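A closer look at the structure
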Amino acid sequence: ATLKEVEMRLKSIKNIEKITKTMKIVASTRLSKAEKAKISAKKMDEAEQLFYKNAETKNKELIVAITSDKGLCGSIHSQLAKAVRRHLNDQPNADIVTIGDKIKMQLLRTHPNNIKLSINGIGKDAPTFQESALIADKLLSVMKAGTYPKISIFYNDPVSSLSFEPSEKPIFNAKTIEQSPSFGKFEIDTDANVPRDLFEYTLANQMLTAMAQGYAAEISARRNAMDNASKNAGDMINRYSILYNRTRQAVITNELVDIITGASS
Amino acid sequence: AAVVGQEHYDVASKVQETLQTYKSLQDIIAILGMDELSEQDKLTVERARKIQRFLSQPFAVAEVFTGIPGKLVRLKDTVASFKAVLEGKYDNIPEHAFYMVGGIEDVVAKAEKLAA
Amino acid sequence: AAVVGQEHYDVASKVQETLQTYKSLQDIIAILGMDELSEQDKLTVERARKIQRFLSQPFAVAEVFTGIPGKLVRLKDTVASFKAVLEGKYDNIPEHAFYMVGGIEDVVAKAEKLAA
Amino acid sequence: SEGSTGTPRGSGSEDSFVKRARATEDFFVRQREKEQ
Amino acid sequence: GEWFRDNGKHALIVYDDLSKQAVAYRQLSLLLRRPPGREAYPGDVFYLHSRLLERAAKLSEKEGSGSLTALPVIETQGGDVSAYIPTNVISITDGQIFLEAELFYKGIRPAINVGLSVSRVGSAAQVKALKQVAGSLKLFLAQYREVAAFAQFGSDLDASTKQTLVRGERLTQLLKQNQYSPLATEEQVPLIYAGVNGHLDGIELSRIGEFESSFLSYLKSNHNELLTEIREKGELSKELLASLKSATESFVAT
Amino acid sequence: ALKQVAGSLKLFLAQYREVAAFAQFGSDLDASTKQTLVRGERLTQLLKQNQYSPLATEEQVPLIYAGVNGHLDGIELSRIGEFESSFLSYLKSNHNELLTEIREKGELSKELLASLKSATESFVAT
Amino acid sequence: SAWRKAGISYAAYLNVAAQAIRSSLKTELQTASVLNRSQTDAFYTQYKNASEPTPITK
Amino acid sequence: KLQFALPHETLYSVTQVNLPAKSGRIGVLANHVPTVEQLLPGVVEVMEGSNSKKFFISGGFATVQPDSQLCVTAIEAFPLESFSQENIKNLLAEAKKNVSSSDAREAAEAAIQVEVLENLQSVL
């Protein structure tokens, strides 16, 4: 509680306030940019899955959980992790592919043996088809994504531009695309591979739609947290300013009292 | 340990360790939020907040200030009650149930009341 | 520059700029982590960290504390060795090589010794 | 002002913010030195 | 220094420094058993310095028009400008130039904090030619200091923000100056003209040093007549503004 | 003898204190770090000591040797207490000449250093 | 082609194409965003039991 | 009534379009039979009445809906005026070299590039 302690503490929090405020304004920019890419991925979801609306598709399981590697975004990772565990109560033997070290973090504590594949380095830049396709590829290659009755993608959905809700959406394999009730209403060449190719194509597009949404939900949550951290730091600065001044006054008085006592004698 | 027994001594040390861990994190909590702790650290903070509350107690001479009947908890029951809380046996119980009661039976009691 | 020569002065000045810039980054690292650092930023961090270590030196009289025998490094060695690091010639050499050694030669020798 | 949050001053003057700056950073250097 | 002021001449006085003078006054009074005040300085320690600095003055025509100018020096302790004696002197003087170790280590030399330094007299006694280019050098820099924290996020920058940073970084590197190398007014104006209006924005930062040397000797060899009109007139013609642009743009080609 | 067995111990608790910050960082990497990460926590428990219970050098030297060379890395944290008092029962029961050596000579020859090593690796298996 | 014999999946094929088409653009129209559509620092790591074998890329 | 969408941009959401299917390169009229088939990397043309616009795509999936709607999804899609001849060549050559480049699908990926870059030059 010395003057120099309060000074150090004060200058440290003063930087924190500045840094966090800056990050927040940065995130706001990142969100404008990621908003437009979310709309585009939502149009390639109305047009992409409109086949599945009409064809009216219905279904050991594969779960793919989508967050990122980055912290400082509130409960993005823990909230989605709870949604996955909740689904994991209803089926505890399912395989998990985690996209993002932070979700891997959560599910590695609670359900360590279920995780069979982790994806790294996704969160920094806006998600791309290349990333989705290559992940899908390795899903199909080493995870045998074709041989699964049910497939689910867990991601965060930006309900509004302020908050988010952990959503879920299922993926149906080539085996399931054929057995859809209204499947035959479209002229389809059974000679060539249309079911397999449509399953492998949707796997990549849906993941890209999840990541585009989960990314806009993470920026928004980080802009929320950075607004808070900055506001809290401001209050801390005010409390420590007040403390500084009390200590300042005391030090002047105390130093002077010593002098007075020495002069009196 | 020579005076209170190894059990008592060890419960105290763990309570103290838990409270210490929680204090140490007050910086982060206040600035960044609870979301920025590890999961091991979230649990400790949860547990410590319940220990903080469980250390509170209604005094008989305070009945006017509180409107809450005084409690006098036996040492042996204080040790057992805190031991059990450290061991994790009451992590499903909400915070307020530890606040301003006696022994662990009162925690369970209040929790059921709060469930109603 | 008039006293130690324009080369010496320039080396010193940019070591000092590197170490100052480092401090400013350590702030961003505290709050935001690594993800908001440019590729040059991360290089600055790496080099400054080597520079800091490279400034350490085993003293002859500190032998009882270090265990390590003391080194004496000529001024010309010092300027040359630090210039080389400021330019980039050892960006592939790990930190530990720069710590508690003499001139630039003793760095490479230690770097190869830790490879084995 | 520069380094007031991040840089390590004496032990017994430590933030948790100083403590994490050195933690997130030491890890980073470890990973890069491991790769090289 | 007053002999000059009184006899229609002009003097400059540097008190280096007033901190140590205060300490010496303190030593006297304590030892004379005069009552001590805050930090053991005498009661009248403000009056030690105010009495002194008020003697610096610009005289009227009637009294000979002489001047005495004072550059008192104060050493602060930990950067604490709110410290006792510094605070006395800050309130006495007409403004302050504030220097920071941080700036010094960064490469900014003279290590002057532009935000915390002022002259309350200001423009009134600046060379008109410098005042014409400096007016908005204040602006572009105040704007730069506001937005400086965004340089850490280069990848995320918008148009006018990136533009502000580029100009700022350059105007800062422009104000760097080796010791014992004071420049003439006519040498200062064009350097500032080149920065303020934009002629530096295309040049990489590390090259601003060698730009200054080469741009100056070029002007003394080709457009010395412009430098001369600046020096002699002190103002800037609409013609001279145009001739200067012409001279600048020409050099930008290399 | 104590200087020998505790070669790095002090900077080894600066190597461990370093990795103590890595755990609340949340990251689960550096398995090589895991080796030192676990060791330090056991070294810390080894250095704990009840009051009014000082140990002779011949009792200390083995304990420090056991901890530093990672012979403890595979024992449970909560049993390091009992490990100590048993290990010293074992050395008094059987290797009684080993302790007498350290006591009288105040040093460890290359012969003793391996004799102790062998007696250590021996006791690990209960 | 015959990406069938090789390990190539349908979307991986389309990406290979899409890449070539992006690289094929008039260099000035290869904007910042276009080049971002082309690079990733993503890794993949297989897990068993909670250990794992070797980190890979892409 | 066309929805022409890419992951990064949605071009349309008109009278007739021509699209390069896996099957015969097909043209699409006002009341086409509900059809769903692949799209190879080729040229998608669209005439809005009289004036037509030309987009070279990467390939995706064509979808004809019951209610006279056409949904075309592709990863990349660009006008022809947007390509530089030499970049295509520099790639083409490097791709050809990479066929039989060594063991792996590195060899097989190149084969895919050559065909696509050839289909590109063939149009101009």
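Residues numbered from 1 in each chain as written, not as in the entry; some residues may be left out. Chains lettered and ligands numbered in written order. Part of a larger assembly, values for the part shown. Heavy atoms only, no water.

- Per the deposited record, the coordinates in this entry were obtained by X-ray crystallography to a resolution of 2.50 Å.

**Some points on helix α2 (residues 18-31) of chain E**
All names here are of chain E.
- Counted at 1.5 Å a residue, the expected span for α2 with its 14 residues is 20 Å, and the 20 Å between its end C-alpha atoms agrees.
- Residues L18, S19, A22, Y25 and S29 constitute the buried set of α2. Taken around the axis of α2, the buried residues stretch over an arc of 120°, which confines them to a single face. Of the exposed residues in α2, those oriented more than 90 degrees away from the buried face are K20, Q27, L28 and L31. (Helix = DSSP H or I, 4+ residues; strand = E, 2+ residues; numbered from the N terminus. Expected span 1.5 Å × (residues − 1). Buried < 20%, exposed > 50% of the residue type's maximum accessible area, 1.4 Å probe, protein only. Arc of directions from axis to C-beta.)

**Comments concerning the interface of chain H and chain G**
- Contacts between chain H and chain G engage 31 residues on the former and 23 residues on the latter.
- Of the roughly 2200 Å² buried at the junction of chain H and chain G (both faces included), carbon and sulfur atoms supply 69%.
- If you sort the residues of chain H by the area they bury against chain G, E76(H), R105(H) and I112(H) come out on top, with a joint share of 24%.
- Counting the contacts that link chain H with chain G gives two salt bridges.
- For the salt bridge of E76(H) with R22(G), the shortest nitrogen-to-oxygen distance reads 2.8 Å.
- Applying the counting rule to chain H against chain G returns eight residue pairs in polar contact.
- Listed by contribution, the elements that provide at least two residues to the side of chain H that touches chain G are β4 (36-39), β6 (51-57), β7 (60-65), α1 (85-98) and α2 (105-121) of chain H.
- For the side of chain H that touches chain G, the leading source of residues is α2(H), giving 10 residues.
- Grouping the constituent residues of the side of chain H that touches chain G by class yields 17 nonpolar, nine polar and five charged. (Contact = heavy atoms within 4.5 Å. Buried area = accessible area lost by both parts, 1.4 Å probe. Salt bridge = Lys/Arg side-chain N within 4 Å of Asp/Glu carboxyl O. Polar contact = N/O pair within 3.5 Å; in protein donor to acceptor, adjacent residues only side chain to side chain. Nonpolar A, V, L, I, M, F, W, Y, C, P; charged D, E, K, R; others polar.)

**Section: α1(H)**
- A rise of 1.5 Å per residue sets the reference length of α1(H), with its 14 residues, at 20 Å; its end C-alpha atoms lie 20 Å apart and thus fit the reference within 8%.
- Restricting attention to buried positions, one finds in α1(H) the residues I88(H), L91(H), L92(H) and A95(H). Buried residues of α1(H) fall within an arc of 105° about the axis and therefore sit on the same side. Away from its buried face, by an angle of more than 90 degrees, α1(H) presents the exposed residues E86(H), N90(H), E94(H) and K97(H).
- Among the structural elements, α1 (10-23) of chain G together with α2 of chain H are those in contact with the buried residues of α1(H).
- Just past α1(H), the residue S100(H) takes up positive phi, approximately 55°.

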